[PDB]
Structures are given as structure tokens and as C-alpha cells.
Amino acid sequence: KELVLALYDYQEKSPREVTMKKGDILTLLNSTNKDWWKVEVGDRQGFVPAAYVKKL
């Protein structure tokens, strides 16, 4: 529903994670966890650290 901004480059470390580039605009899918948010990066879905993204 919401959009988030990738504040840093982040390379996924596990299958459930996804990679993002600084400045990417991600779709926020699930932010119920305080440390890991599920996002859509382009056509991929996965988790990134909440600390590395900013809600828009």
C-alpha cells in the first residue's frame, strides 16, 4: 500500500531477502516486524532491513 525509499545499496544475504539499490522506490508489503520489512523491488519480493529504508 505504501512506498519506501531505499537509503542504501543492500545485497540480499538469504533466499527470503531481496536486493535493492540506493534510491530505489519499493512497495511496502508487510512492516509488522520491527527489523525486517517485506517489500517489492521491481518485480521481486522479499525482505530487507527496516533500518535501510524510509517510509514515504
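We number the residues from 1 along the sequence you see.
Sort the modelled residues of the chain by CA B factor and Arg44 lands in the highest third. Ranked within its chain, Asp35 lands in the middle third, by CA B factor from the PDB record. The entry lists a Cα temperature factor for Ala51 that places it in the middle third of the chain's modelled residues. Among the modelled residues of its chain, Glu17 has a C-alpha B-factor that falls in the lowest third according to the deposited record. Annotation for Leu5: C-alpha temperature factor in the middle third relative to the rest of the modelled chain, per the entry.
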